[PDB]
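Reviewing the structure listed below.
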Amino acid sequence: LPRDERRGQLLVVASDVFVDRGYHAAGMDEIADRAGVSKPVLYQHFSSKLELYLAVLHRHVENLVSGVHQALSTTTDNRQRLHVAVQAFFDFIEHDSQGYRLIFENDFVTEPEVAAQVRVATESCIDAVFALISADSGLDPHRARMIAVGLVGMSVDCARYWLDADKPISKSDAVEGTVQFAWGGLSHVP
Amino acid sequence: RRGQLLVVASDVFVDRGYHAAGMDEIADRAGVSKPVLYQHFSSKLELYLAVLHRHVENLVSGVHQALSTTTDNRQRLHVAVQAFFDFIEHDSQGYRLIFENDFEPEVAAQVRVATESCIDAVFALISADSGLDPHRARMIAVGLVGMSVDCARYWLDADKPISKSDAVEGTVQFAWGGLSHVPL
Ligand SMILES: CCCCCCCCCCCCCC(=O)O
Ligand SMILES: CCCCCCCCCCCCCC(=O)O
């Protein structure tokens with residue numbers, strides 16, 4: 001596939017500008033200059049500020065979804081899958097500060113295009129966990145989906161607490177605590 | 001009267017959403033004049049915050065009462081999860097206003113101060129004889145509250161595909177035994 005290196009450079013700068021300034025104050029002139037290109041060159045890659053914003057959101061969502069699916073699809077047992085998938089989520093939120101704000105701390109949810117890019121994403125990650133959990137479980141499929149929702153919720157909320165509290169314990173202790181809790185439940189917390 | 005107005009305002013806010021909801025519609029559905037509504041609430045925002053506060057208090061009081069029990073840890077988990085699913089069924093409007101709300105720092109704080117108080121309680125129970133670093137104990141309490149809420153929201157949003165009792169037991173069993181006990 002032909003690599004549009006100028007597109008990727010633009011998405012990187014646009015991610016920072018949108019997060020740092022907010023959607024309203026962010027401008028195409030600011031984004032072009034940050035990338036070191038003229039505004040007409042920016043328009044040869046993106047049609048509008050909204051199409052660029054949606055491409056930025058899509059890039060961060062794709063990175064999260066692909067990271068999670070790669071964890072689920074490149075492991076052979078339940079426990080291993082849990083370890084690698086929890087790790088992948090902590091890695092995403094720690095390593096993609098822009099992606100984290102755009103997906104999880106987003107105010108600009110007033111328009112359907114943005115809200116859809118997040119709601120289709122969350123459901124796809126839950127679908128994947130559900131596919132793995134339901135297989136040879138003997139569970140009613142709705143109970144299996146309920147568990148997948150709970151498992152994703154428990155993992156996301158633990159990770160978000162850790163990041164939002166400015167990493168009060170090491171990343172390793174947070175990952176270990178989250179995995180141990182997801183695997184053994186409250187019965188094995190002590 | 002105030003309580004009667006909070007009940008009608010809750011229905012108007014749910015039916016129309018915050019932005020489309022109007023003080024004239026709220027006064028009309030309560031069978032009072034608009035000036036009478038204003039003798040109890042200063043603005044649509046003050047009324048909305050009072051509505052959210054009432055529903056949050058009902059939920060929080062139900063959850064803390066469940067956590068007050070001097071039984072075992074799993075029994076307390078069971079009574080608290082039951083109390084949350086019960087809140088969704090007996091106060092459906094409250095559940096929608098707190099958890100399925102499209103609509104600002106005043107609103108977010110009324111939900112955040114609530115969530116933090118319930119997490120404080122779960123943390124107090126979890127930290128007692130676990131030997132955990134307090135931040136790890138709080139992290140687990142956050143996860144436990146989060147998964148319970150998310151399981152219950154799935155069940156409601158999917159139009160109760162299984163009975164409330166089966167949903168409570170499934171949520172409790174997952175919270176207690178974790179993924180290690182899901183096939184069993
Ligand atoms: C919004 C994206 C959330 C990503 C959450 C990733 C971690 C959840 C744990 C997944 C475990 C898969 C199930 C299994 O191991 O059987
Ligand atoms: C934000 C709404 C709060 C919903 C509360 C759901 C139940 C939480 C689980 C409580 C578990 C108690 C643990 C224990 O006894 O060790």
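Residues in the structure tokens are numbered from 1 in each chain, the chains being A, B, ... in the order shown, and ligands are numbered from 1 in the order shown.
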
Set the distance at 10 Å and use only C-alpha atoms: which residues neighbour residue 135 (chain A) once local chain neighbours fewer than 4 positions away are removed? I'd like the list as a PyMOL selection string.
(chain A and resi 130-131+139+141+144) or (chain B and resi 183)

Selected residues, N, CA and C atoms, written as a PDB file, in the first residue's frame, please.
ATOM      1  N   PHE A 130     -16.732 -10.789  23.928  1.00  0.00           N
ATOM      2  CA  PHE A 130     -17.890 -11.664  23.965  1.00  0.00           C
ATOM      3  C   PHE A 130     -17.624 -12.943  23.163  1.00  0.00           C
ATOM      4  N   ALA A 131     -17.051 -12.811  21.953  1.00  0.00           N
ATOM      5  CA  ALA A 131     -16.775 -13.980  21.091  1.00  0.00           C
ATOM      6  C   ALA A 131     -15.897 -14.995  21.815  1.00  0.00           C
ATOM      7  N   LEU A 139     -22.807 -20.520  28.736  1.00  0.00           N
ATOM      8  CA  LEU A 139     -23.601 -19.401  29.212  1.00  0.00           C
ATOM      9  C   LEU A 139     -24.697 -19.033  28.237  1.00  0.00           C
ATOM     10  N   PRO A 141     -26.297 -16.499  25.929  1.00  0.00           N
ATOM     11  CA  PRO A 141     -25.500 -15.463  25.223  1.00  0.00           C
ATOM     12  C   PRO A 141     -25.626 -14.058  25.791  1.00  0.00           C
ATOM     13  N   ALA A 144     -23.406 -14.007  28.796  1.00  0.00           N
ATOM     14  CA  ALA A 144     -22.024 -13.953  28.269  1.00  0.00           C
ATOM     15  C   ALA A 144     -21.717 -12.522  27.801  1.00  0.00           C
TER      16      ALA A 144
ATOM     17  N   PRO B 183     -16.494 -20.065  33.161  1.00  0.00           N
ATOM     18  CA  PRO B 183     -16.992 -21.294  32.531  1.00  0.00           C
ATOM     19  C   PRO B 183     -17.802 -22.168  33.494  1.00  0.00           C
TER      20      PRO B 183
END

Residues of chain A within 9 Å of chain B, counting only C-alpha atoms, as a PyMOL selection string
chain A and resi 78-79+82+109-110+133-134+136-140+142-159+161-162+168-169+173-174+177-178+180-190

Residues flagged alpha helix (DSSP H) by DSSP in region 6-178 of chain A, as a PyMOL selection string
chain A and resi 6-25+28-35+39-45+49-73+78-95+97-104+112-134+141-164+171-178

From the list A:22, A:8, A:112, A:67, which residue is nearest ligand 1 when using only C-alpha atoms and all ligand atoms?
A:67

So that I can check the surroundings of region 99-103 of chain A, please list as a PyMOL selection string every protein, DNA and RNA residue that reaches within 9 Å of it, counting only C-alpha atoms and ignoring chain neighbours fewer than 6 positions away.
chain A and resi 15+18-19+56-57+59-61+63-64+92-93+118

Those residues you just picked out, can you put them in a file as a compact mmCIF listing (two decimals), in the first residue's frame with N, CA, C and O atoms?
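Now in selection-v9.txt:
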# COMPACT_ATOMS: atom_id res chain seq x y z
N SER A 15 -4.05 16.02 15.95
CA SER A 15 -4.40 15.38 17.24
C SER A 15 -4.00 16.32 18.41
O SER A 15 -4.83 16.61 19.28
N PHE A 18 -6.20 19.70 18.34
CA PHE A 18 -7.56 19.50 18.81
C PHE A 18 -7.63 19.30 20.32
O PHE A 18 -8.51 19.85 20.98
N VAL A 19 -6.70 18.52 20.88
CA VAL A 19 -6.72 18.28 22.32
C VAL A 19 -6.35 19.54 23.13
O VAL A 19 -7.01 19.88 24.12
N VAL A 56 -8.74 12.06 12.50
CA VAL A 56 -7.92 12.00 13.73
C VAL A 56 -8.58 11.00 14.72
O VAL A 56 -7.93 10.08 15.21
N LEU A 57 -9.88 11.19 15.01
CA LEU A 57 -10.61 10.30 15.93
C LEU A 57 -10.55 8.85 15.45
O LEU A 57 -10.25 7.96 16.25
N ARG A 59 -8.23 7.44 13.55
CA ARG A 59 -6.87 6.95 13.74
C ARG A 59 -6.67 6.46 15.21
O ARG A 59 -6.21 5.34 15.41
N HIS A 60 -7.10 7.26 16.20
CA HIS A 60 -6.94 6.88 17.61
C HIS A 60 -7.82 5.68 17.96
O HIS A 60 -7.33 4.75 18.60
N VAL A 61 -9.08 5.67 17.48
CA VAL A 61 -10.00 4.53 17.71
C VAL A 61 -9.42 3.26 17.10
O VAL A 61 -9.35 2.23 17.79
N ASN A 63 -6.26 2.56 16.42
CA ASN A 63 -5.09 2.17 17.20
C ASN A 63 -5.52 1.39 18.46
O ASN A 63 -4.91 0.37 18.75
N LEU A 64 -6.58 1.85 19.15
CA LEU A 64 -7.06 1.17 20.35
C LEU A 64 -7.65 -0.19 19.99
O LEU A 64 -7.21 -1.19 20.53
N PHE A 92 -2.36 1.68 25.70
CA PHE A 92 -3.04 2.68 24.90
C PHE A 92 -3.23 3.99 25.68
O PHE A 92 -2.90 5.07 25.18
N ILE A 93 -3.84 3.91 26.86
CA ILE A 93 -4.13 5.17 27.56
C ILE A 93 -2.86 5.89 28.02
O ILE A 93 -2.83 7.12 28.02
N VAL A 118 -17.19 6.58 18.28
CA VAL A 118 -16.90 6.07 19.62
C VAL A 118 -17.82 4.86 19.98
O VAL A 118 -17.32 3.84 20.47

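CA of residue 16 (chain B) lies 27.9 Å from CA of residue 83 (chain B).
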
CA of residue 89 (chain B) and CA of residue 75 (chain B), how far apart in Å?
21.1 Å

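With distances restricted to only C-alpha atoms, B:78 is the closest residue to residue 168 (chain B) from B:29, B:78, B:40, B:90.
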
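Residue nearest residue 125 (chain B), chosen from B:108, B:26, B:5, B:67 and counting only C-alpha atoms: B:67.
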
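Minimum atom-to-atom distance to ligand 2, evaluated using only C-alpha atoms and all ligand atoms, belongs to B:119 out of B:119, B:21, B:9, B:32.
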
Within 10 Å of residue 44 (chain B) using only C-alpha atoms, minus same-chain residues under 5 positions, as a count of residues only:
10

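CA of residue 122 (chain B) is found 9.6 Å from atom 4 (C, counted along the ligand's line) of ligand 2.
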
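With only C-alpha atoms and all ligand atoms as the atoms that count, the residue of B:37, B:52, B:81, B:8 with the shortest distance to ligand 2 is B:81.
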